[PDB]
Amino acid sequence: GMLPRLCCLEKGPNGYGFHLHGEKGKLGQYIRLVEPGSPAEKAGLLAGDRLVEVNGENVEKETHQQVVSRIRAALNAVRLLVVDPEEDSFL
């Protein structure tokens, strides 16, 4: 609706099933390569999505390493708050 899409994935045997990546100069992390049939795909993630929060914490301006660390440390699940970058901007 109005709220950013919230994607709640349960960690599977083969991880979550998606890549995360930044872009030189333009800080920020983005979903990339979502595997068919994975938690990521089941939870609604889409390559192209920008990652705003991981488990209720703002990671919009955090390094690639910080964000991956956070995602990786959670135990069973991660809630990923994403927006479509063509429709959302931070000010």
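If you superpose the two forms and keep the largest set of C-alpha atoms that fall within 1.5 Å, you have the rigid core. Throughout, we count residues from 1 along the sequence that is shown.
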Should one compare 22-30 and 35-43 by root mean square Cα distance from the shown form in 8 other deposited structures of this protein, core superposed, the larger belongs to 22-30
Given a rigid core fit, name the stretch, 73-81 or 12-20, whose C-alphas are on average farther from the form shown here in 8 other deposited structures of this protein. 73-81
Looking only at C-alpha temperature factors in the entry, 21-29 or 68-76, the higher average sits in 21-29
Comparing residue 60 with the other modelled residues of its chain, is its CA B-factor in the lowest, middle or highest third? highest
